[PDB]
**Q** 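This is the structure, below, for whatever I ask next.
A note on names: the letters A, B, ... follow the listed sequences, proteins ahead of strands, and every chain is numbered from 1. What's counted below: heavy atoms across the whole structure, side chains too, no hydrogens, waters or symmetry copies.
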Number of protein chains: 2
Amino acid sequence: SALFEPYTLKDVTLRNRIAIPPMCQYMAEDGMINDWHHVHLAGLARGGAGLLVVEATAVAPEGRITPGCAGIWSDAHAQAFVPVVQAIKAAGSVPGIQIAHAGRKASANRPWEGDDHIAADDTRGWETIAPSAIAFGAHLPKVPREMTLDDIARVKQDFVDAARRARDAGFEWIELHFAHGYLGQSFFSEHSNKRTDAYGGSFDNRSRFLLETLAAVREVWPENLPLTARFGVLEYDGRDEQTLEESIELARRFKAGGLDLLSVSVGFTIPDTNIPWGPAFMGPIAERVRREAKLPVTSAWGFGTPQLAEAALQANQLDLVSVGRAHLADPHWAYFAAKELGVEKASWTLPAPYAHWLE
Amino acid sequence: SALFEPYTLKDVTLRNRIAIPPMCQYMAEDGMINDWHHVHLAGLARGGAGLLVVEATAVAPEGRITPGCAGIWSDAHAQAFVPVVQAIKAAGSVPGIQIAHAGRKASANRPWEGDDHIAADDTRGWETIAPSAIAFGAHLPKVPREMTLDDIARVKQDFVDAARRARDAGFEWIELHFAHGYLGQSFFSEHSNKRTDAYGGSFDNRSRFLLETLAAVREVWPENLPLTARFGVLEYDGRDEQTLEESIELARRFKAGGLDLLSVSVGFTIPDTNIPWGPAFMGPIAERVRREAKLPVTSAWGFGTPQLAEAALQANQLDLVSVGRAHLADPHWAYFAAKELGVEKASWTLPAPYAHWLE
Ligand SMILES: Cc1cc2nc3c(=O)[nH]c(=O)nc-3n(C[C@H](O)[C@H](O)[C@H](O)COP(=O)(O)O)c2cc1C
Ligand SMILES: Cc1cc2nc3c(=O)[nH]c(=O)nc-3n(C[C@H](O)[C@H](O)[C@H](O)COP(=O)(O)O)c2cc1C
Ligand SMILES: O=c1ccc2ccccc2o1
Ligand SMILES: O=c1ccc2ccccc2o1
Ligand SMILES: O=c1ccc2ccccc2o1
Ligand SMILES: O=c1ccc2ccccc2o1
């Protein structure tokens, strides 16, 4: 089956086309991950997936989404990832990590603790920063502070330091989080970016933060290791064709700038939208980006049904299939998929201590 | 559903009736467990099971089944279990451990490496000990050395030390491995025990090693923590009624001797048998032992089908349902079972980082 064919990008080879997308656990303390993450990630790696992308990890304290988000803004934070990276590699999966900055969506409660912006008098909260002083709205009413040019220079450097740390911690795959309405996405979107300087206004100016950050990271990230990014290419805000054209154009610039693969998603920049949720609904858009930008892609949402993952690959809509929630339900989803798609010796998708008894 | 009703035994309370029986991983080195076991066990604990019984852990080096078996014959070996026990407790599952001695079935290859007795010239092998110098046969042709009275005294003390270590490592449930043809089972069975001293011949003599070991362990194992054992009550060797009567009588002596629950199994003492494998095939025999010995029981084989586990409990055939291989396939089987049996808020069988998104 296509889902179980290996994939080589740069010097890295994934044993199959199954990727576990970044999934926040909200279990870190002051950005430090712990045994929750270690067992969670090592367990997933043993499940069979070819690639495991660690959850959105903040490049700076204020870049966390919540007080439980992982961070890599110091060498001590990076050290915490070393044993985990080594465990993922021991399991045969490729260790990747998504570095990010929540922007105006930062300083929020854990999803099961309100999922909304933290109260001003809550000692856990902090000031949010963004391209412009405009709030997301809805459950995230906090108005962020408009970034100065020095703030921009600082955040870009935070991304560089985060990438450098990920590299030294042993990660073999990096993903810049330019999606889901966080800092990067908010600089590209006219909904959130009302700047009149070099970082706002035109397509070139709105693209600047993302392009400069990619270029800066590229200076420290190994040429032989996949350099990727997640990016929302449309919002489903009634401006889809114009937005998709600009997004595809930026994807072209990303490729020219050394991006090896793009994780295609939705913007989630503003709350007033009408997203047509459905199994593998991203397939068509991901395919268009892949074709018009001539860049490898992956996407997600509803690919937990093995046949859908297989179909998307065979139709060349995606190069890698990202399966998220199905892995929270069953860490060994890859084994389930192998059986479903009739892979030979499906149980050996898992380590011997398990495979021997399930064959 | 019955499967998700809590269970209290002594001072311990299991959040549900799902028990993960001991399952050898063959991943230890010189008896020392490592991160394979840590992630494996912590991951299972987070899956939702009320009780997690660690794999057969040797009370002595020669008591290991294979070179990859876990051991607890020294305080250093016990220390290795501490972080794991603490992780299991953090997940809300009760940490248990099966201490054992392979007897004549020791010094064998890992299942996926031959599964047979290790060659005499293999540097990894060792001399096996048993009640009598008679081989199992088949793939385990090695003739064990007949134990001296001092060997018996020594092994009993090894069990006491193992129990003492399990206690100090934090385990809240212990299971003496008197089944599957290993040392304990072999002392009870006339097939393997041809001794003419105090430990062989009569029912009382054949029961002696097991009863003395239980009593010795009882001196160091906390009164408020479940003291259990696994025992093969029949062989399916054409001597089932006579064997079952003696086994039930021994179960009565175990109860009188402080045993809180018995894990009912098959003897596997000799290879020439005809075991009627089938889903929940142990149900009837486990029920008979439970009824005739008036002792709580658990059993296994094929209970990975939720409805079967539920049915066995409702019929009072078992007090706890042991589910093994299904947990190797899916560490979150408890969540699958909750959904299958229509438990309210089934996703919360798992920790919040998972449950929130699966509800
Ligand atoms: C608990 C949870 C945490 C997530 N964390 C992240 C994240 O850190 N970064 C990101 O880009 N997407 C994140 N996502 C979105 C997922 O990567 C994925 O795209 C989404 O769940 C759709 O795939 P699925 O239907 O297979 O779950 C998360 C989703 C869930 C449910
Ligand atoms: C890999 C593996 C390791 C096992 N290890 C042990 C053990 O250490 N001690 C024991 O008493 N039984 C052991 N068993 C037998 C199981 O505890 C259980 O009784 C058996 O798998 C039947 O249940 P199941 O059908 O749910 O798997 C093992 C079985 C498998 C498949
Ligand atoms: O998939 C695997 C296989 C072997 C192994 C050994 C130690 C730790 C993790 C491992 O994962
Ligand atoms: O980028 C992100 C970060 C967190 C998150 C949580 C639930 C759903 C989607 C998400 O996307
Ligand atoms: O089920 C759980 C819930 C919380 C938790 C925290 C740290 C380690 C393990 C855990 O397991
Ligand atoms: O007591 C035991 C120990 C190991 C084992 C392996 C496979 C099947 C059953 C087993 O029982």
**Q** I want to check something: taking the side chain as every heavy atom from C-beta on, are A:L341 and A:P306 in contact at a cut-off of under 4.5 Å?
**A** yes
**Q** So A:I18 and A:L51, do their side chains get closer than 4.5 Å, heavy atoms only?
**A** no
**Q** Under a 4.5 Å heavy-atom cutoff, which of B:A355, B:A42, B:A352 has the most pairs with chain A?
**A** B:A352
**Q** Looking at every non-hydrogen atom in both residues, tell me the closest pair between B:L140 and B:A108 and how far apart they are.
**A**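 Heavy atoms of B:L140 and B:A108 come nearest at CD2-CB, 4.1 Å.
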**Q** Of the backbone (N, CA, C, O) and the side chain (C-beta and beyond), which part of A:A87 lies under 4.5 Å from a heavy atom of chain B, both, or neither?
**A** side chain
**Q** Might you point out which heavy atoms bring A:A19 and A:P21 nearest each other, and give the distance in Å?
**A**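 For A:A19 and A:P21, the tightest heavy-atom pair comes out as O-CD, 3.5 Å.
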**Q** So, taking the atom named CG in A:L44 and the one named CD1 in A:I88, what distance separates them when rounded to the nearest 0.5 Å?
**A**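 Nearest 0.5 Å value for the CG-CD1 distance: 8.5 Å.
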**Q** Can you list everything that forms a side-chain contact (heavy atoms from CB on, under 4.5 Å) with B:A90? Sequence neighbours excluded, please.
**A**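 Listed in chain order: nothing, the list is empty.
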**Q** Chain A and chain B: which donor-acceptor pairs fall below 3.5 Å?
**A**
unit_1 : atom_1 : unit_2 : atom_2 : d
A:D35  : O      : B:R46  : NH2    : 3.0
A:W36  : O      : B:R46  : NH1    : 2.9
A:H40  : ND1    : B:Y354 : OH     : 2.6
A:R46  : NH1    : B:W36  : O      : 2.9
A:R46  : NH2    : B:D35  : O      : 3.0
A:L328 : O      : B:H332 : ND1    : 2.9
A:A329 : O      : B:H332 : ND1    : 3.0
A:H332 : ND1    : B:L328 : O      : 2.9
A:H332 : ND1    : B:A329 : O      : 3.0
A:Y354 : OH     : B:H40  : ND1    : 2.6

**Q** Below 4.5 Å, heavy-atom pairs only: which of A:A91, A:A329, A:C24 has the largest tally toward chain B?
**A** A:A329
**Q** Check whether any side-chain heavy atom of A:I20 lies under 4.5 Å from a side-chain heavy atom of A:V323, and answer yes or no.
**A** no
**Q** Minimum heavy-atom separation for A:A309 and A:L3, please, with both atom names.
**A**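 Taking A:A309 first and A:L3 second, the nearest heavy atoms are CB-CD1, 4.0 Å.
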**Q** Can you tell which of A:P351, A:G43, A:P331 has the highest number of heavy-atom pairs within less than 4.5 Å of chain B?
**A** A:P331
